[PDB]
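Report on the following structure.
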Amino acid sequence: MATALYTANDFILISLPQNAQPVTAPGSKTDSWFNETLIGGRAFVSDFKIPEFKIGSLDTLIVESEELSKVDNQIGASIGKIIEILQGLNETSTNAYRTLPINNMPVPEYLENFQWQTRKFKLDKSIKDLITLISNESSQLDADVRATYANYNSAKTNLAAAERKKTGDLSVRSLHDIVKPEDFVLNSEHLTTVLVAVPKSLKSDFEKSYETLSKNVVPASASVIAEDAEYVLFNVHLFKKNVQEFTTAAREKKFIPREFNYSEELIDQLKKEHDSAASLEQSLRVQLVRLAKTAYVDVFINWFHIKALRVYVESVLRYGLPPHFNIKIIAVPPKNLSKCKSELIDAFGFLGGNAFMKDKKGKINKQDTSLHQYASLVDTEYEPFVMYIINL
Amino acid sequence: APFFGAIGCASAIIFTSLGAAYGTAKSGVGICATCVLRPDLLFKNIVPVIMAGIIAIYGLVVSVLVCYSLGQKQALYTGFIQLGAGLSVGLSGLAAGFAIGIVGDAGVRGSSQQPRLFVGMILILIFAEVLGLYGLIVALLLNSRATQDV
Amino acid sequence: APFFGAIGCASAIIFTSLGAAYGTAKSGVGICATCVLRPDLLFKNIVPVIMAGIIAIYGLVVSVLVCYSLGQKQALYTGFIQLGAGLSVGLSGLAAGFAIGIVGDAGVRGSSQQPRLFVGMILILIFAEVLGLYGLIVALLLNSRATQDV
């Protein structure tokens, strides 16, 4: 099955009034039908009802439902991007950040105690200010972790080129890994330093013919500098005028020349950039991890408050009277969302009407087809009652 | 030549099994290729493979019916009508399965886009068994018109 | 009996082993290719090779049954029904394996993104053994009608 997330705890949010009855088991309440009428009896029911939030007229609820759905989609995309960055950081498993505890409390116990409690929102405040401030704080918290992850990726990309340029293969090598004066020129006015990469077979021929290949060259300068498994890298000291003739004559011998000049500041800056890139990548990784977790917790709390506000807005707009409805969060295990959605849709689908329900069960999340989307925002199908799917 | 009539009994089930296998493979290829685009009509699109695979029962029942009346020795009279009826039933089943494979693949690919073409694909696919039924009836009449067994 | 009496015993196991080898190769190619993208269809891919091995086991049992009834001398009527039943069982097993391998590779390739056609590929693979069962029954009847050689 690949129609939902099976690597985390899934939750189903349903809302109905105090006069509805299920169509799968008559003569039973919705509270006993939620736990007892569930598939297999493993559905955990938690308290999720909330009071009124100073909702105005019916004309403002239709405009507020689109902003609540867009803010819930943006908070759901930001929480999935922060959890995808935290899982992509190689610091947690595939099930972590989606089923683990948040703030020392579990997801079913924390979701059952979710009574519209926040540290920046109240029951007497408007829903538009908390819906805008939650999307703004989630967007800034996601943008900070995205900028920290981009800075850590740039620091790792610079640290890869600095570590590859520090030593290793002779294809891209710079003479900055040796501080001894015997491998370069020190206190010279006309001498320079040039590295020549030769093969293992022609190493003795390059050292024997390197002195007679270019005139006006320093003898005994050819030594063992570095080579991984295929070549030997030697240094050559001579005049700056004969460097082009020695490199052009060395290029005709089937050798690999390396352009370079005598300079200590280039090796000092080349060692300083690789020396600072690892500390910058480590500090950006630690700050990106702490800001990723701290933004992920507030993003999950803002997504839960946005879903709790959208469930009460859709339940208040759909049912009408009475203003107080019984809403709960059902914690379902993985691979059983189709039976809970089909049983809840067949049981509570008759409350909305007789023409709004559909006999299509499940969804399609393939790469070559995006049909059968269970939602009230598409024209392929709609929901027969107040119900939303949450895939963490 | 005694016992020469076994080639007609084996060739009907061989050609019918090969035509039913090629038709089931050709129908299953287009059904499996069309199932990725739209998995709602997979059960409706799976009818051509099962309908194409049932063509081997005519040659198997004809080979079992010809094998039930055969002993250990036979004359040269049965080994001329038997190979003709078995070759006709095998060629009819192989041609019906070969047409049912491309008809099932084209009917599944055409029925995958529009759901109204399933009745036309089932109606055009249902007419492919007339050649195997006519060859099985001609093989049954030619097998029933034989004698001098032993 | 003149000659060519032992060819029907190896003619079934040759085509059955070739068809089962091609179907096992075509199933393992799509299983190994589809196992990289999704690891959920890894255990489901063993049904085509495990179900494909029964067609080779039936041809091996029919080859052992036809081999046990051969000896060192052949009858006058055994060398036609033996080669006919062997060629029919070999062609039925090769057509069943070749028809099963492309459907198993196409189903395993299509079921990688979203497993919806697994019941259809398992339904066609479960019903694809009818040609091997019919060829095994026709080879069992033709082998049973050719005993007592000598």
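Each chain in the structure tokens gets a letter, A, B, ..., in the order shown, and its residues are numbered from 1; ligands are numbered from 1 in order too.
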Fit result for chain C on chain B over all paired C-alpha atoms, given as a short mmCIF file (atom, residue, chain, number, x, y, z; two decimals) with N, CA and C atoms, in the first residue's frame:
```cif
data_model
loop_
_atom_site.label_atom_id
_atom_site.label_comp_id
_atom_site.auth_asym_id
_atom_site.auth_seq_id
_atom_site.Cartn_x
_atom_site.Cartn_y
_atom_site.Cartn_z
N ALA C 1 -3.09 -49.20 -40.78
CA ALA C 1 -2.58 -47.90 -40.35
C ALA C 1 -1.06 -47.92 -40.17
N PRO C 2 -0.36 -47.08 -40.93
CA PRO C 2 1.11 -47.11 -40.86
C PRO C 2 1.68 -46.43 -39.63
N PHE C 3 1.50 -45.12 -39.49
CA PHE C 3 2.12 -44.40 -38.39
C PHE C 3 1.70 -42.94 -38.34
N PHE C 4 2.13 -42.24 -37.29
CA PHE C 4 1.75 -40.85 -37.05
C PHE C 4 0.25 -40.69 -36.82
N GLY C 5 -0.26 -41.38 -35.80
CA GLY C 5 -1.66 -41.29 -35.46
C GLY C 5 -1.93 -40.53 -34.18
N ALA C 6 -0.90 -40.35 -33.35
CA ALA C 6 -1.08 -39.67 -32.07
C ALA C 6 -0.83 -38.17 -32.15
N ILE C 7 -0.41 -37.66 -33.31
CA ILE C 7 -0.02 -36.25 -33.42
C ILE C 7 -1.22 -35.32 -33.46
N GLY C 8 -2.39 -35.83 -33.86
CA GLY C 8 -3.56 -34.98 -33.95
C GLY C 8 -4.14 -34.62 -32.59
N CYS C 9 -3.84 -35.43 -31.58
CA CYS C 9 -4.34 -35.15 -30.23
C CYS C 9 -3.56 -34.01 -29.58
N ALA C 10 -2.24 -33.98 -29.78
CA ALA C 10 -1.43 -32.92 -29.18
C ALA C 10 -1.34 -31.71 -30.10
N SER C 11 -1.70 -31.87 -31.38
CA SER C 11 -1.60 -30.77 -32.33
C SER C 11 -2.66 -29.70 -32.06
N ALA C 12 -3.79 -30.10 -31.47
CA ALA C 12 -4.84 -29.14 -31.13
C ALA C 12 -4.51 -28.41 -29.84
N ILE C 13 -4.03 -29.14 -28.83
CA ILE C 13 -3.74 -28.53 -27.53
C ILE C 13 -2.46 -27.72 -27.57
N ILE C 14 -1.57 -27.99 -28.53
CA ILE C 14 -0.32 -27.25 -28.67
C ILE C 14 -0.62 -25.86 -29.22
N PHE C 15 -1.38 -25.81 -30.32
CA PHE C 15 -1.71 -24.52 -30.93
C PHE C 15 -2.74 -23.76 -30.09
N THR C 16 -3.63 -24.49 -29.41
CA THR C 16 -4.61 -23.84 -28.56
C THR C 16 -3.96 -23.29 -27.29
N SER C 17 -2.98 -24.02 -26.75
CA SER C 17 -2.27 -23.55 -25.57
C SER C 17 -1.31 -22.41 -25.92
N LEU C 18 -0.75 -22.45 -27.13
CA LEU C 18 0.14 -21.37 -27.57
C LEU C 18 -0.65 -20.10 -27.88
N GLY C 19 -1.80 -20.25 -28.52
CA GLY C 19 -2.66 -19.12 -28.82
C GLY C 19 -3.30 -18.52 -27.58
N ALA C 20 -3.72 -19.38 -26.65
CA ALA C 20 -4.29 -18.90 -25.40
C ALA C 20 -3.22 -18.29 -24.50
N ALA C 21 -1.98 -18.78 -24.60
CA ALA C 21 -0.89 -18.22 -23.82
C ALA C 21 -0.46 -16.87 -24.38
N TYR C 22 -0.43 -16.74 -25.71
CA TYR C 22 -0.08 -15.47 -26.33
C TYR C 22 -1.19 -14.44 -26.15
N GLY C 23 -2.45 -14.89 -26.18
CA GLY C 23 -3.55 -13.97 -25.94
C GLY C 23 -3.66 -13.56 -24.49
N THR C 24 -3.32 -14.47 -23.57
CA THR C 24 -3.34 -14.15 -22.15
C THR C 24 -2.18 -13.24 -21.78
N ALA C 25 -1.04 -13.42 -22.45
CA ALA C 25 0.12 -12.57 -22.24
C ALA C 25 -0.12 -11.18 -22.82
N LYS C 26 -0.71 -11.13 -24.02
CA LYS C 26 -1.03 -9.85 -24.64
C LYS C 26 -2.16 -9.11 -23.92
N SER C 27 -3.06 -9.84 -23.27
CA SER C 27 -4.11 -9.19 -22.49
C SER C 27 -3.59 -8.73 -21.14
N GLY C 28 -2.72 -9.54 -20.52
CA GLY C 28 -2.16 -9.16 -19.23
C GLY C 28 -1.12 -8.06 -19.33
N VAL C 29 -0.48 -7.92 -20.49
CA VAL C 29 0.49 -6.85 -20.69
C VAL C 29 -0.23 -5.51 -20.80
N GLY C 30 -1.33 -5.47 -21.56
CA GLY C 30 -2.09 -4.24 -21.68
C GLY C 30 -2.92 -3.95 -20.44
N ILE C 31 -3.27 -5.00 -19.70
CA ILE C 31 -4.03 -4.82 -18.46
C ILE C 31 -3.11 -4.28 -17.36
N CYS C 32 -1.91 -4.85 -17.26
CA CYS C 32 -0.95 -4.39 -16.26
C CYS C 32 -0.37 -3.03 -16.63
N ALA C 33 -0.22 -2.76 -17.93
CA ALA C 33 0.28 -1.46 -18.36
C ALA C 33 -0.79 -0.39 -18.24
N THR C 34 -2.06 -0.76 -18.45
CA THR C 34 -3.15 0.21 -18.36
C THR C 34 -3.66 0.36 -16.94
N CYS C 35 -3.26 -0.54 -16.03
CA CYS C 35 -3.73 -0.47 -14.66
C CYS C 35 -3.01 0.61 -13.86
N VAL C 36 -1.86 1.09 -14.36
CA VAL C 36 -1.10 2.11 -13.63
C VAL C 36 -1.75 3.48 -13.81
N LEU C 37 -2.20 3.79 -15.02
CA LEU C 37 -2.79 5.10 -15.28
C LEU C 37 -4.21 5.18 -14.74
N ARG C 38 -5.04 4.18 -15.05
CA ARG C 38 -6.43 4.17 -14.61
C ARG C 38 -6.74 2.84 -13.93
N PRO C 39 -7.26 2.86 -12.70
CA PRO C 39 -7.56 1.60 -12.01
C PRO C 39 -8.99 1.13 -12.25
N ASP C 40 -9.72 1.83 -13.12
CA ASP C 40 -11.09 1.45 -13.42
C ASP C 40 -11.15 0.28 -14.40
N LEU C 41 -10.17 0.18 -15.29
CA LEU C 41 -10.14 -0.90 -16.27
C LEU C 41 -9.41 -2.14 -15.78
N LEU C 42 -9.17 -2.26 -14.47
CA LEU C 42 -8.45 -3.41 -13.93
C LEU C 42 -9.34 -4.65 -13.91
N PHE C 43 -10.58 -4.50 -13.44
CA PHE C 43 -11.49 -5.64 -13.37
C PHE C 43 -12.06 -5.99 -14.74
N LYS C 44 -12.05 -5.02 -15.66
CA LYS C 44 -12.60 -5.27 -16.99
C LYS C 44 -11.63 -6.07 -17.86
N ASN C 45 -10.35 -6.08 -17.48
CA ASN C 45 -9.33 -6.77 -18.27
C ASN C 45 -9.34 -8.28 -18.08
N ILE C 46 -10.09 -8.80 -17.11
CA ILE C 46 -10.12 -10.24 -16.88
C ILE C 46 -11.00 -10.97 -17.90
N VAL C 47 -11.84 -10.24 -18.64
CA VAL C 47 -12.70 -10.88 -19.64
C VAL C 47 -11.91 -11.45 -20.81
N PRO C 48 -10.77 -10.88 -21.21
CA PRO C 48 -10.02 -11.47 -22.33
C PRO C 48 -9.31 -12.76 -21.97
N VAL C 49 -8.79 -12.87 -20.74
CA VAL C 49 -8.11 -14.10 -20.33
C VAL C 49 -9.14 -15.15 -19.92
N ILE C 50 -10.22 -14.72 -19.27
CA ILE C 50 -11.26 -15.66 -18.84
C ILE C 50 -12.04 -16.18 -20.05
N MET C 51 -12.26 -15.32 -21.05
CA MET C 51 -12.89 -15.78 -22.28
C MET C 51 -11.88 -16.50 -23.17
N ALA C 52 -10.59 -16.22 -22.97
CA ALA C 52 -9.55 -16.88 -23.76
C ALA C 52 -9.28 -18.29 -23.25
N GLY C 53 -9.60 -18.55 -21.99
CA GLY C 53 -9.36 -19.87 -21.43
C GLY C 53 -10.34 -20.92 -21.92
N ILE C 54 -11.49 -20.49 -22.45
CA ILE C 54 -12.48 -21.44 -22.95
C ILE C 54 -12.02 -22.07 -24.26
N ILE C 55 -11.21 -21.33 -25.03
CA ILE C 55 -10.67 -21.87 -26.27
C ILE C 55 -9.61 -22.93 -25.98
N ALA C 56 -8.87 -22.76 -24.88
CA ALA C 56 -7.91 -23.78 -24.47
C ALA C 56 -8.61 -24.95 -23.80
N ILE C 57 -9.75 -24.69 -23.17
CA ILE C 57 -10.52 -25.76 -22.54
C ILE C 57 -11.21 -26.62 -23.59
N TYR C 58 -11.62 -26.00 -24.70
CA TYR C 58 -12.24 -26.74 -25.79
C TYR C 58 -11.20 -27.59 -26.53
N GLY C 59 -9.99 -27.05 -26.68
CA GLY C 59 -8.92 -27.83 -27.28
C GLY C 59 -8.40 -28.91 -26.36
N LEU C 60 -8.52 -28.70 -25.05
CA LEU C 60 -8.14 -29.73 -24.09
C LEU C 60 -9.19 -30.83 -24.04
N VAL C 61 -10.46 -30.47 -24.21
CA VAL C 61 -11.53 -31.47 -24.24
C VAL C 61 -11.49 -32.25 -25.55
N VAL C 62 -11.12 -31.57 -26.64
CA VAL C 62 -10.98 -32.26 -27.92
C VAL C 62 -9.72 -33.12 -27.93
N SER C 63 -8.70 -32.70 -27.19
CA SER C 63 -7.48 -33.50 -27.08
C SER C 63 -7.71 -34.70 -26.17
N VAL C 64 -8.61 -34.56 -25.19
CA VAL C 64 -8.94 -35.69 -24.32
C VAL C 64 -9.86 -36.66 -25.06
N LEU C 65 -10.73 -36.13 -25.92
CA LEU C 65 -11.63 -36.98 -26.69
C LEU C 65 -10.87 -37.72 -27.79
N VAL C 66 -9.88 -37.05 -28.39
CA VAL C 66 -9.06 -37.71 -29.40
C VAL C 66 -8.05 -38.64 -28.75
N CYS C 67 -7.66 -38.34 -27.50
CA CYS C 67 -6.72 -39.19 -26.79
C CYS C 67 -7.41 -40.45 -26.27
N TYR C 68 -8.70 -40.35 -25.94
CA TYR C 68 -9.44 -41.51 -25.44
C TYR C 68 -9.78 -42.49 -26.56
N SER C 69 -9.81 -42.02 -27.81
CA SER C 69 -10.11 -42.86 -28.95
C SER C 69 -8.87 -43.36 -29.68
N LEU C 70 -7.69 -43.27 -29.05
CA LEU C 70 -6.45 -43.71 -29.67
C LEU C 70 -6.00 -45.10 -29.25
N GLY C 71 -5.84 -45.35 -27.95
CA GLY C 71 -5.40 -46.66 -27.50
C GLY C 71 -3.92 -46.85 -27.74
N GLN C 72 -3.57 -47.96 -28.39
CA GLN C 72 -2.18 -48.27 -28.69
C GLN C 72 -2.03 -48.66 -30.15
N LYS C 73 -3.12 -48.58 -30.91
CA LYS C 73 -3.11 -48.89 -32.33
C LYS C 73 -4.04 -47.93 -33.05
N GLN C 74 -3.67 -47.58 -34.28
CA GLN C 74 -4.42 -46.63 -35.08
C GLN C 74 -5.02 -47.33 -36.30
N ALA C 75 -6.11 -46.75 -36.80
CA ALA C 75 -6.78 -47.29 -37.97
C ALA C 75 -6.11 -46.78 -39.25
N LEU C 76 -6.64 -47.23 -40.39
CA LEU C 76 -6.08 -46.82 -41.67
C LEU C 76 -6.52 -45.41 -42.05
N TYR C 77 -7.75 -45.03 -41.69
CA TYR C 77 -8.28 -43.73 -42.06
C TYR C 77 -8.29 -42.73 -40.90
N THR C 78 -7.91 -43.16 -39.70
CA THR C 78 -7.93 -42.27 -38.55
C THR C 78 -6.78 -41.27 -38.55
N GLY C 79 -5.63 -41.65 -39.12
CA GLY C 79 -4.44 -40.82 -39.07
C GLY C 79 -4.38 -39.69 -40.08
N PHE C 80 -5.50 -39.41 -40.75
CA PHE C 80 -5.58 -38.28 -41.66
C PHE C 80 -6.63 -37.29 -41.16
N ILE C 81 -7.78 -37.81 -40.73
CA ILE C 81 -8.83 -36.96 -40.19
C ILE C 81 -8.49 -36.52 -38.77
N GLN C 82 -7.67 -37.33 -38.08
CA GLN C 82 -7.24 -36.96 -36.73
C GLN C 82 -6.24 -35.81 -36.78
N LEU C 83 -5.24 -35.91 -37.66
CA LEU C 83 -4.25 -34.85 -37.80
C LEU C 83 -4.85 -33.63 -38.49
N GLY C 84 -5.84 -33.85 -39.36
CA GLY C 84 -6.50 -32.72 -40.01
C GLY C 84 -7.41 -31.96 -39.07
N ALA C 85 -8.17 -32.68 -38.24
CA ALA C 85 -9.05 -32.03 -37.27
C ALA C 85 -8.24 -31.40 -36.14
N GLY C 86 -7.15 -32.05 -35.75
CA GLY C 86 -6.26 -31.51 -34.74
C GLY C 86 -5.51 -30.28 -35.21
N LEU C 87 -5.05 -30.30 -36.47
CA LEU C 87 -4.36 -29.15 -37.03
C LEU C 87 -5.32 -28.00 -37.29
N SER C 88 -6.56 -28.33 -37.65
CA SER C 88 -7.57 -27.30 -37.89
C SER C 88 -8.01 -26.66 -36.58
N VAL C 89 -8.15 -27.47 -35.52
CA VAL C 89 -8.56 -26.94 -34.22
C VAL C 89 -7.42 -26.16 -33.58
N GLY C 90 -6.18 -26.62 -33.78
CA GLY C 90 -5.02 -25.93 -33.27
C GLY C 90 -4.75 -24.61 -33.97
N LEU C 91 -4.93 -24.61 -35.30
CA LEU C 91 -4.75 -23.37 -36.06
C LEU C 91 -5.90 -22.40 -35.80
N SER C 92 -7.10 -22.93 -35.56
CA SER C 92 -8.24 -22.07 -35.25
C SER C 92 -8.11 -21.46 -33.86
N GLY C 93 -7.61 -22.24 -32.90
CA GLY C 93 -7.41 -21.71 -31.56
C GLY C 93 -6.24 -20.75 -31.48
N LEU C 94 -5.18 -21.03 -32.25
CA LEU C 94 -4.03 -20.14 -32.27
C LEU C 94 -4.34 -18.84 -33.00
N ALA C 95 -5.15 -18.93 -34.07
CA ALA C 95 -5.55 -17.73 -34.79
C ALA C 95 -6.57 -16.92 -33.99
N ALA C 96 -7.41 -17.61 -33.22
CA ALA C 96 -8.38 -16.92 -32.38
C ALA C 96 -7.71 -16.23 -31.20
N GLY C 97 -6.72 -16.89 -30.60
CA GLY C 97 -5.97 -16.31 -29.50
C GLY C 97 -5.07 -15.17 -29.94
N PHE C 98 -4.39 -15.36 -31.08
CA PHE C 98 -3.51 -14.31 -31.60
C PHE C 98 -4.31 -13.13 -32.12
N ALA C 99 -5.51 -13.38 -32.66
CA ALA C 99 -6.36 -12.29 -33.11
C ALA C 99 -7.05 -11.61 -31.93
N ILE C 100 -7.21 -12.33 -30.81
CA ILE C 100 -7.92 -11.79 -29.66
C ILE C 100 -6.98 -10.98 -28.77
N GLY C 101 -5.70 -11.36 -28.76
CA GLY C 101 -4.76 -10.72 -27.85
C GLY C 101 -4.41 -9.30 -28.26
N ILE C 102 -4.23 -9.07 -29.57
CA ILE C 102 -3.88 -7.74 -30.06
C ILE C 102 -5.07 -6.79 -29.95
N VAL C 103 -6.27 -7.33 -30.15
CA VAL C 103 -7.48 -6.51 -30.02
C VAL C 103 -7.78 -6.22 -28.55
N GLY C 104 -7.44 -7.16 -27.67
CA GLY C 104 -7.64 -6.93 -26.25
C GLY C 104 -6.63 -5.95 -25.67
N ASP C 105 -5.39 -6.02 -26.16
CA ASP C 105 -4.36 -5.08 -25.70
C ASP C 105 -4.59 -3.70 -26.29
N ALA C 106 -5.05 -3.63 -27.54
CA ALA C 106 -5.32 -2.35 -28.18
C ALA C 106 -6.56 -1.69 -27.59
N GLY C 107 -7.58 -2.50 -27.29
CA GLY C 107 -8.79 -2.00 -26.67
C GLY C 107 -8.58 -1.59 -25.22
N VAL C 108 -7.77 -2.37 -24.50
CA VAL C 108 -7.47 -2.04 -23.11
C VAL C 108 -6.55 -0.82 -23.03
N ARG C 109 -5.69 -0.64 -24.03
CA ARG C 109 -4.82 0.53 -24.05
C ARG C 109 -5.60 1.78 -24.46
N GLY C 110 -6.54 1.62 -25.40
CA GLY C 110 -7.31 2.77 -25.86
C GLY C 110 -8.41 3.17 -24.89
N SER C 111 -8.85 2.23 -24.05
CA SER C 111 -9.95 2.51 -23.14
C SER C 111 -9.46 3.08 -21.81
N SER C 112 -8.17 3.40 -21.71
CA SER C 112 -7.62 3.89 -20.45
C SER C 112 -8.00 5.35 -20.20
N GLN C 113 -7.89 6.18 -21.24
CA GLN C 113 -8.15 7.61 -21.12
C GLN C 113 -9.63 7.90 -20.95
N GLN C 114 -10.46 7.26 -21.76
CA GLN C 114 -11.91 7.43 -21.69
C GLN C 114 -12.58 6.14 -22.13
N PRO C 115 -13.27 5.45 -21.22
CA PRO C 115 -13.91 4.18 -21.60
C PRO C 115 -15.14 4.38 -22.47
N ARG C 116 -14.96 4.26 -23.78
CA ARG C 116 -16.07 4.33 -24.72
C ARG C 116 -16.07 3.10 -25.61
N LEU C 117 -14.87 2.54 -25.83
CA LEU C 117 -14.73 1.37 -26.69
C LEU C 117 -14.82 0.06 -25.92
N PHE C 118 -15.30 0.08 -24.67
CA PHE C 118 -15.38 -1.15 -23.89
C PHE C 118 -16.49 -2.06 -24.39
N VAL C 119 -17.58 -1.46 -24.87
CA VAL C 119 -18.67 -2.25 -25.45
C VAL C 119 -18.27 -2.79 -26.81
N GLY C 120 -17.38 -2.09 -27.51
CA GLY C 120 -16.90 -2.58 -28.79
C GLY C 120 -15.88 -3.69 -28.63
N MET C 121 -14.99 -3.56 -27.66
CA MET C 121 -14.00 -4.60 -27.40
C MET C 121 -14.66 -5.83 -26.77
N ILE C 122 -15.70 -5.61 -25.97
CA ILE C 122 -16.45 -6.74 -25.40
C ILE C 122 -17.34 -7.37 -26.47
N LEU C 123 -17.76 -6.57 -27.45
CA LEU C 123 -18.58 -7.10 -28.54
C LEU C 123 -17.74 -7.93 -29.50
N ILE C 124 -16.51 -7.48 -29.77
CA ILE C 124 -15.62 -8.24 -30.65
C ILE C 124 -15.06 -9.45 -29.93
N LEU C 125 -14.81 -9.31 -28.62
CA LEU C 125 -14.30 -10.43 -27.84
C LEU C 125 -15.38 -11.48 -27.60
N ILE C 126 -16.64 -11.04 -27.54
CA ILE C 126 -17.75 -11.98 -27.38
C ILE C 126 -18.03 -12.72 -28.67
N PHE C 127 -17.73 -12.09 -29.81
CA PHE C 127 -17.95 -12.71 -31.11
C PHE C 127 -16.69 -13.37 -31.68
N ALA C 128 -15.57 -13.31 -30.96
CA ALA C 128 -14.33 -13.91 -31.45
C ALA C 128 -14.23 -15.41 -31.16
N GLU C 129 -15.23 -15.99 -30.50
CA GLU C 129 -15.17 -17.41 -30.17
C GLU C 129 -15.84 -18.26 -31.25
N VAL C 130 -16.24 -17.64 -32.36
CA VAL C 130 -16.91 -18.37 -33.44
C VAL C 130 -15.94 -19.27 -34.19
N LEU C 131 -14.66 -18.87 -34.26
CA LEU C 131 -13.66 -19.71 -34.91
C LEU C 131 -13.32 -20.92 -34.05
N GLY C 132 -13.29 -20.73 -32.73
CA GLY C 132 -13.04 -21.85 -31.84
C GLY C 132 -14.23 -22.78 -31.73
N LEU C 133 -15.44 -22.23 -31.86
CA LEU C 133 -16.64 -23.06 -31.84
C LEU C 133 -16.81 -23.82 -33.14
N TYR C 134 -16.44 -23.19 -34.26
CA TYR C 134 -16.52 -23.86 -35.56
C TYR C 134 -15.43 -24.91 -35.70
N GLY C 135 -14.23 -24.61 -35.18
CA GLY C 135 -13.16 -25.60 -35.19
C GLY C 135 -13.40 -26.72 -34.20
N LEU C 136 -14.10 -26.41 -33.11
CA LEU C 136 -14.45 -27.44 -32.13
C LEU C 136 -15.57 -28.33 -32.66
N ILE C 137 -16.46 -27.75 -33.47
CA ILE C 137 -17.54 -28.53 -34.07
C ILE C 137 -17.01 -29.39 -35.22
N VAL C 138 -16.07 -28.84 -36.00
CA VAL C 138 -15.48 -29.60 -37.10
C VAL C 138 -14.55 -30.68 -36.55
N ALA C 139 -13.88 -30.38 -35.43
CA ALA C 139 -13.05 -31.39 -34.78
C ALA C 139 -13.90 -32.43 -34.07
N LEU C 140 -15.11 -32.05 -33.65
CA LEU C 140 -16.02 -32.99 -33.02
C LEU C 140 -16.64 -33.92 -34.07
N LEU C 141 -16.90 -33.39 -35.26
CA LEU C 141 -17.46 -34.21 -36.33
C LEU C 141 -16.39 -35.11 -36.95
N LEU C 142 -15.17 -34.58 -37.09
CA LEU C 142 -14.07 -35.38 -37.62
C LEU C 142 -13.61 -36.43 -36.61
N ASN C 143 -13.70 -36.10 -35.32
CA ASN C 143 -13.39 -37.08 -34.28
C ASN C 143 -14.51 -38.11 -34.16
N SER C 144 -15.74 -37.69 -34.43
CA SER C 144 -16.87 -38.62 -34.40
C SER C 144 -16.90 -39.53 -35.62
N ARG C 145 -16.32 -39.10 -36.73
CA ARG C 145 -16.26 -39.91 -37.94
C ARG C 145 -15.04 -40.81 -38.00
N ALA C 146 -14.20 -40.81 -36.96
CA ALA C 146 -13.01 -41.64 -36.92
C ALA C 146 -12.98 -42.63 -35.77
N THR C 147 -14.12 -42.96 -35.17
CA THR C 147 -14.14 -43.86 -34.03
C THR C 147 -14.05 -45.31 -34.50
N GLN C 148 -13.96 -46.23 -33.53
CA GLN C 148 -13.82 -47.65 -33.80
C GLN C 148 -12.48 -47.96 -34.47
N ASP C 149 -11.39 -47.55 -33.84
CA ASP C 149 -10.06 -47.80 -34.39
C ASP C 149 -9.64 -49.24 -34.08
N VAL C 150 -9.36 -50.01 -35.12
CA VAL C 150 -8.94 -51.40 -34.96
C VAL C 150 -9.91 -52.35 -35.64
#
```
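The list of chain A residues within 10 Å of chain B is residues 360, 364, 366, 367, 368, 369, 370, 371 and 372 of chain A; this uses only C-alpha atoms.
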Next item on the list: Find the spatial neighbours of residue 65 in chain A, counting only C-alpha atoms, within a cut-off of 12 Å - ignore same-chain residues fewer than 2 positions away - and output them as an NGL selection string.
Entry: :A and (55 or 58-63 or 67-73 or 127-128 or 131 or 306-307 or 309-318 or 376-377)
Next item on the list: From the DSSP assignment of the backbone, select every residue of range 3-98 of chain B that is helix (DSSP H, G or I), and format the answer as a ChimeraX atom specification.
Entry: /B:6-34,42-45,47-68,78-98
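Between CA of residue 287 in chain A and CA of residue 85 in chain A there is a distance of 13.2 Å.
Across the model, the gap from CA of residue 334 in chain A to CA of residue 27 in chain A is 29.5 Å.
Of note, CA of residue 145 in chain A and CA of residue 108 in chain A are spaced 27.2 Å apart.
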